[PDB]
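A look at the structure
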Amino acid sequence: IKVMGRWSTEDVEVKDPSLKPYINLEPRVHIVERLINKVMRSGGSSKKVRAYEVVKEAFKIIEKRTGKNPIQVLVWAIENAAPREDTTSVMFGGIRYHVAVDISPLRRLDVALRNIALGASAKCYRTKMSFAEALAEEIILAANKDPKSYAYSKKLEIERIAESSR
């Protein structure tokens, strides 16, 4: 019922019609659980409790910085970082080719969450920000469609390559 024993999702809105049916905002596709899994597979040196704590602190930071429900900000970040199409490489002979392909709703989410965790993990490793602060910053940047966001910039890149590979 309560996310990480504190937040509610009943007032969180998914305005992107293409993702709304696949983002689970109901009590026990749980995006928070998915994010934790992505963070768990990144870094920031049980592994699950660790990732859980990093995400929870990141949410507290997001709420303080934006003044909004952290889960809602994550949804915006996901919606902004989820590419609407992708491509598959085919390096045959001496040249690699790009081909635009369908990307499923759940893979769109997985890509966005993976890139958010990757961006956070990268900033953390190289700056004086804790993993939680980097994750909060990455999520906020993505939610605001700010190119400084790794996930968002990656999303633009993927769609750019896909639209050109048609």
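Structure determination for this PDB entry is given in the record as X-ray crystallography, at a resolution of 2.1 Å.

1. A word on the pattern of salt bridges
One pass over the full model with this rule turns up eleven salt bridges. For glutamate 13, the salt bridge is made with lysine 15, and the minimal N-O distance between the two is 2.8 Å. A relative accessible area of 42% means that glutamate 13 is categorised as partly exposed. On the basis of relative accessible area, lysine 15 is assigned to the exposed category, the value being 55%. Between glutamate 137 and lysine 123 there is a salt bridge; the shortest N-O distance is 2.8 Å. With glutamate 137 in helix 5 (residues 131–143) and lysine 123 in helix 4 (residues 105–126), the pair connects residues that are 14 residues apart, well separated along the chain. Taking relative accessible area as the criterion, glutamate 137 reaches 26% and is therefore assigned partly exposed.

Here is what the cut-offs are and how they apply
- As presented, residues are numbered from 1 along each chain according to the written sequence, a scheme that may differ from that of the entry, and residues lacking coordinates are left out.
- Here the side-chain values reflect all heavy atoms present in the structure, with hydrogen atoms and water set aside.
- A side-chain nitrogen of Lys or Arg and a carboxyl oxygen of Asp or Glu constitute a salt bridge if their distance falls within 4 Å.
- When accessible area is computed with a 1.4 Å probe and restricted to protein chains, residues below 20% of their type maximum are described as buried, those above 50% as exposed, and intermediate ones as partly exposed.
- By the criteria applied, helices consist of DSSP H or I runs no shorter than four residues and strands consist of E runs no shorter than two, each listed in order from the N terminus.

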